[PDB]
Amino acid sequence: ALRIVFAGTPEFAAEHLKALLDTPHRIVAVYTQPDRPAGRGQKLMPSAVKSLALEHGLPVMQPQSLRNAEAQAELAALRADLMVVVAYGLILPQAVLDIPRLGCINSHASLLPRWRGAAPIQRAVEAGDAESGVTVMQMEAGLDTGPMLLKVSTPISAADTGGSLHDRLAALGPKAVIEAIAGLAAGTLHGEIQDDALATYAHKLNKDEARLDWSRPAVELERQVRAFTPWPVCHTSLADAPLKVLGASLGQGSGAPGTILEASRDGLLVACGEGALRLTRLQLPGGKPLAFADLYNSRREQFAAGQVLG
C-alpha cells in the first residue's frame, strides 16, 4: 500500500476517489480546484471532489497553481508514493511530475492516443468512433502524450449520447485506476509508447459550435445532437426564435439546407446538406423538454412545411 495524493474536480473524478477509499492505500491529501464563484452573489461552490473529500474527513488542498515553490513544497512534504490525477483543471509542470516516487498518473476518458485534450467524451461520439474507453497514462510534460499503462474499451452505439458514454466511463475508469496502481506498486506494469501519428485532439467546445449548421450532412448533425446531450445541447432558430434540439434521428429527404420538409406526429423532418434529419425532441425558451408529437398538436402551423431554420 501507498501514500497517494488524489487531484481532480468533477463528478467523473469523484467516482475515482470514491473507489480508492475502498482500497488499502492511504489518501494523504485531496487536491481540487479552488471553489468557483456562482453566477450571482458571493457564494463559492465546492467541487464534486471537494464535497466527497470533506464527507470522508480527508484533507483538502485547493491551490490556484502548482507552478510556484510554495505549493510544490507543500506537495513534496506529503511524502507521496503516487499522484492520481483525474479531470484536474491545473497544469502539472515537470517539477511536480518529479515529486512523487512513482510520478503522476492520469485517468483519461478516451482510448489514447485518440482524443488527447479537453472534451474526449463529446468528440468521440461526435466523430463517429465505434468504441471509446479509459486510458490510465503515466503523465509527461506534453499534453496527454504520456505512456499508456492500461486501457479498457466500450462500444459506442447509434443510441449513445455524451451522457450515456460518460456514465459508462465513470464506471470503468475507477476500476481501471485501482488495477494499474496495483501493478505499479508490484513493479510489474510498464507503459506502452504512444504513436504520435495516430493521435487526435478533442478540443474544448467553443461559443458557436452547438448552433446547428444545416448545410452539414445529416449524419453529422445526428451525431452532434447526441454528443451534446445532456450538455451543451444543440440549438437552432425559427423566425429569429431560439429552439434547443434534444432528440433527432436520421430521416429521408432532400432540399435546401434547413427547410422543413414535413411536420408530423413522428417528428420534424428538416433538409440538410445531404439527406434529412427528423427532430423528435425540442425545448422552446422558458419551456419544458417535449416530444415533437406534444408540440405537433399545439404548434401545428408554426412548423409549417417550407419554412427554413436558421
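Counting begins at 1, following the sequence as shown.
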Comparing average C-alpha B factors as deposited, tell me which of 117-125 and 77-85 sits higher. 77-85
Which is higher on average in the deposited entry, the C-alpha temperature factors of 16-24 or of 289-297? 289-297
Reading the B-factor column for Cα atoms of 50, 36, 278, 56, the highest value belongs to 36
Going by the entry, which of 166, 190, 151, 226 has the most elevated CA B factor? 190
Looking at the temperature factor on the CA atom of residue 131, which third of the chain's modelled residues does it land in? lowest
Against its chain's modelled residues, does residue 198's Cα B factor rank lowest, middle or highest third? middle
Would you mind checking where the Cα B-factor of residue 160 ranks among the modelled residues of its chain, as the lowest, middle or highest third? lowest
By its CA B factor, does residue 101 count among the lowest, middle or highest third of the modelled residues in the chain? highest
Mind checking which third residue 109 falls in for C-alpha B-factor across the chain? lowest
